[PDB]
Every structure is written in structure tokens, then in C-alpha cells.
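Chains as they are written, first to last, in the deposited numbering: chain GA, 8 to 96; chain GB, 8 to 96. See below for the structure under consideration.
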DNA sequence: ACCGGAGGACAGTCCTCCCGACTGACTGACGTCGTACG
DNA sequence: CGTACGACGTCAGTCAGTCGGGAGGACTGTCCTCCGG
Ligand SMILES: [Zn+2]
Ligand SMILES: [Zn+2]
Ligand SMILES: [Zn+2]
Ligand SMILES: [Zn+2]
């Protein structure tokens with residue numbers, strides 16, 4: 008049922024046999040069944056919890072930045088830089 | 008499929024006919040079919056838009072103020088409280 | 001080879017709506033008091 | 001004066017109705033695998 012890391016990336020049918028499978032035995036390959044990777048729950052209640060948090064921060068930032076491209080700031084990645092910027096408060 | 012407003016509110020089978028229906032007609036009430044309520048899409052792309060912007064507003068918030076404040080805002084429902092928070096600077 | 005997307009089992013929504021519990025109201029029964037008669 | 005009967009009032013029990021938890025289930029959209037171009 009779970010396919011192997013590689014068959015997964017290569018997208019071919021997996022034989023699925025453990026410990027090494029079809030191809031991964033053949034091409035003498037590093038065959039892993041990596042564990043099931045978590046996501047946050049897609050439920051309505053959780054969408055809504057997260058939308059309520061986002062609204063409140065969104066509101067708090069309308070007052071910090073009444074003037075624009077908050078989105079400019081939101082895209083930056085550098086900490087010094089962002090902080091150099093803000094010290095134009 | 009859609010039940011009338013009153014049957015919905017009361018949770019009894021609706022006849023659903025046109026215009027009115029059995030119990031609004033009988034019981035003497037103004038039977039309505041309200042529009043479905045617009046909600047946000049519960050897709051994964053959309054939960055991720057929203058979790059990942061909330062995260063980045065949290066990251067920026069923390070260059071400006073202490074983490075203990077993050078936690079307060081993330082819970083406030085009152086617009087005076089979100090603003091006062093900011094006023095104690 | 002490689003990878004866009006078809007295919008499909010599955011996760012979880014989001015409707016209408018049946019069913020059970022709880023509360024209120026109404027009716028009946030009993031008890032107590034008051035009046036009348038011996 | 002004392003006893004008995006009737007009437008009224010109060011309490012309990014039963015039934016009905018209504019808010020509610022939530023079952024049922026069609027459906028929306030996920031999130032895998034792996035086809036075939
Ligand atoms: Zn494999
Ligand atoms: Zn393998
Ligand atoms: Zn109806
Ligand atoms: Zn109706």
C-alpha cells in the first residue's frame with residue numbers, strides 16, 4: 008500500500024516487498040519506506056481557529072503599519088534587514 | 008434537498024414543496040429558503056495560505072514585541088483590547 | 001526515464017432529520033377544614 | 001357539642017411538546033499510487 012521513497016519519487020509501480028523491493032533490489036538501491044508525513048488537520052474547526060488567529064494579527068498590524076506594503080516586509084527573509092527597516096518606526 | 012429556515016431551526020422533516028411547505032403553511036408561518044452561507048474553502052491550498060501567513064505575521068511580531076504578547080493577542084476578541092495592547096507599546 | 005494528472009479509497013463536511021430526555025402543564029386524588037344537622 | 005359530609009386546595013403523577021445531541025449519508029476535496037505520453 009505504501010510505496011517506496013524511490014518508486015514514490017520516480018512514480019513507477021512499487022512491488023512493495025520488505026526490506027528491499029523490486030527495483031531497489033535490482034539497481035541495488037537504498038530502499039526506504041519513509042514514515043507518514045504530518046499535516047495539520049484539514050477540518051472546518053481548525054481552518055477556523057487558524058483564521059481567527061490570523062484576523063487578530065491582521066488587525067494588530069493594521070495599527071502598526073497603517074501605511075502599506077506590509078506585504079513587502081512579509082516577504083523578506085533577513086532578520087537584520089527586517090529590523091533595520093522597522094527602526095524606521 | 009434544502010429545508011426551509013424554520014424546519015432547519017426546529018430540526019423536523021420539511022415537505023420542501025413550492026412555494027411554502029406543510030408546517031409553515033399549516034401552522035401559519037412565513038416559509039423561507041435562505042441562500043447557503045458563504046464559507047471559506049476547506050482545501051489544503053487554502054488552509055496553507057492561511058497557516059503560512061499567520062506564521063509570518065507571528066515571525067514579524069516577535070521582532071517587535073515580546074513573545075508573551077504574541078500569546079495575548081492571538082487570543083483577543085475585542086478590538087479595544089487589540090488596540091490598547093499596542094498603546095502600552 | 002520522467003512526471004502531469006487520472007483514478008480511486010478515504011478523510012471530514014455539512015446538510016436534513018429521527019429520536020430520546022427533560023421540563024412544564026393539567027388533571028385527578030386525597031386530606032383538611034368548615035358548616036350543618038341531630 | 002359532636003360527628004359526618006361536602007367542597008376546596010394542594011401535591012403528585014403522567015403526558016405532551018420542544019430544544020438538542022447527533023446519526024445518517026451524499027458529497028467535497030484530499031492525497032495516495034502509478035499509468036502512458
Ligand atoms: Zn518500491
Ligand atoms: Zn524500494
Ligand atoms: Zn419546511
Ligand atoms: Zn416552511
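From the three backbone atoms N, C-alpha and C, an ideal C-beta is built for every residue, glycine too.
| Query | Result |
| --- | --- |
| Under 7 Å, CB to CB, which of the residues in the segment 32-61 of chain GB have a partner in chain GA? | 47, 49, 51, 54, 57, 58, 60 and 61 |
| Please list, in chain order, the residues of the segment 61-93 of chain GA that have any C-beta partner in chain GB closer than 8 Å. | 61, 63, 64, 65, 66, 67, 68, 70, 71, 80, 81, 86, 89, 90 and 93 |
| For the structure I just gave you, are there three or more beta carbon pairs, one from the segment 32-45 of chain GB and one from the segment 79-91 of chain GA, closer than 8 Å? | no |
| Quick check on the burial criterion: 16 or more other C-beta atoms within 10 angstroms. Buried or exposed for residue 60 of chain GA? | buried |
| Report yes if the C-beta distance between residue 41 of chain GB and residue 12 of chain GB is below 8 Å; otherwise report no. | yes |
| What are the start and end residues of each continuous alpha helix (DSSP H) run of 4 or more residues lying completely inside the segment 9-52 of chain GA, in chain order? | 29-33 |
| Whose CB is closer than 5 Å to a heavy atom of ligand 5? List the residues in chain order. | The model on display carries ligand 1, ligand 2, ligand 3 and ligand 4 but not ligand 5. |
| In angstroms with no decimal places, state the Cα-to-Cα distance between residue 28 of chain GB and residue 8 of chain GB. | 13 Å |
| If you run the structure through DSSP and keep just helix, strand and coil, what is residue 72 of chain GB? | coil |
| Do residue 80 of chain GB and residue 63 of chain GA count as a contact pair if the criterion is CB distance below 8 Å? | yes |
| Take residue 74 of chain GA as the anchor and find which of GA/21, GA/96, GA/26 and GA/53 has the nearest alpha-carbon. | GA/96 |
| Assuming contact is defined by CB atoms lying nearer than 8 Å, are residue 77 of chain GB and residue 69 of chain GB in contact in what I supplied? | yes |
| By the 10 Å Cβ neighbour count, where 16 or more other Cβ atoms means buried, how is residue 16 of chain GB classified, buried or exposed? | exposed |
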